[PDB]
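Next up is one chain by itself, shown in structure tokens, the form deposited in one PDB entry.
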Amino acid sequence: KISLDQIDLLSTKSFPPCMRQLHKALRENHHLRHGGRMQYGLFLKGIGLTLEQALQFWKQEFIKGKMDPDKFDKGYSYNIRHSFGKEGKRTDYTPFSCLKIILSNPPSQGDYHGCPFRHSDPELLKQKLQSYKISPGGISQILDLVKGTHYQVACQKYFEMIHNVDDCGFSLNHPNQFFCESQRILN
């Protein structure tokens, strides 16, 4: 039901901070390192894209990287299809959970994957939070949680703020959950 020329907006309204960053990095650089391609690609599949849309979405953005639209089909296409279970063993991989994103494959320079509340240093997180136009009160309420290592809670706090609600009404532990609960309120 979801369409491609609708993602840029969705990233702002319903994507949790991690996926939002990942999308922005993708649009600005026209590319993403492995870690991000994994985290974001499966998220996109979790929200609804089909294999046709995924290949389109990724190809389109990588051509802007000015690379051979063939060098794309060469490497990148097979792996996208394998994500959707259409190659090898044929496993329709479930998208990543929070605990996994937070406790594993920590990001390095050049990477945008991971959990902002956990991998972005307090000072850079605050700037992001401010860029998302989050009230200095909640931003302060989030940083606290972060300092207490309650990353998922800090994210729920971010959810409640961009949605103008008192209680998100669910315990967060998976990015696509954050998306669904958001779409519930907006759509």
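Shifts are known only where both forms have a C-alpha. Numbers follow the displayed sequence, beginning with 1. Here the rigid core means the biggest group of C-alpha atoms that line up within 1.5 Å when the two forms are laid on top of each other.
- Judged by the one-third criterion across other entries of this protein, residue 144, modelled here, is also modelled in every one of those that cover both its neighbours.
- In every other compared PDB entry of this protein that covers both flanking sides, residue 113 is modelled, so it falls short of the one-third threshold for missing coordinates.
- Taking the mean C-alpha B-factor of each stretch as recorded, 42 to 50 and 131 to 139 are not equal, and the higher mean is that of 131 to 139.
- When 144 to 152 is weighed against 64 to 72, 64 to 72 comes out higher, by mean CA B-factor as recorded in the entry.
- When the modelled residues of the chain are ordered by C-alpha B-factor, residue 27 sits in the middle third.
- Residue 180: CA B factor in the lowest third of modelled residues in this chain (values from the PDB entry).
- Ranked by Cα temperature factor within the chain, residue 119 sits in the middle third according to the deposited record.
- When the modelled residues of the chain are ordered by C-alpha B-factor, residue 59 sits in the middle third.
- Among the modelled residues of its chain, residue 20 has a C-alpha B-factor that falls in the lowest third according to the deposited record.
Beyond what is shown, the protein has a form deposited in another entry; the following relates to that form.
- Looking at CA displacements between this form and the one not shown with the core superposed, a shift of 2 Å or more is confined, among 32, 54, 161, 125, to 54.
- Shown here is a form in which the CA atoms of residue 26 and residue 53 lie at least 3 Å farther apart than they do in that other deposited form.
- By 3 Å or more, the C-alpha separation between residue 15 and residue 51 shrinks in that other deposited form relative to the form shown here.
- Listed in sequence order, the runs of at least 3 residues with C-alpha movement of 2 Å or more between this form and the one not shown, after fitting the core, are 3 to 6, 50 to 62, 77 to 84, 90 to 93.
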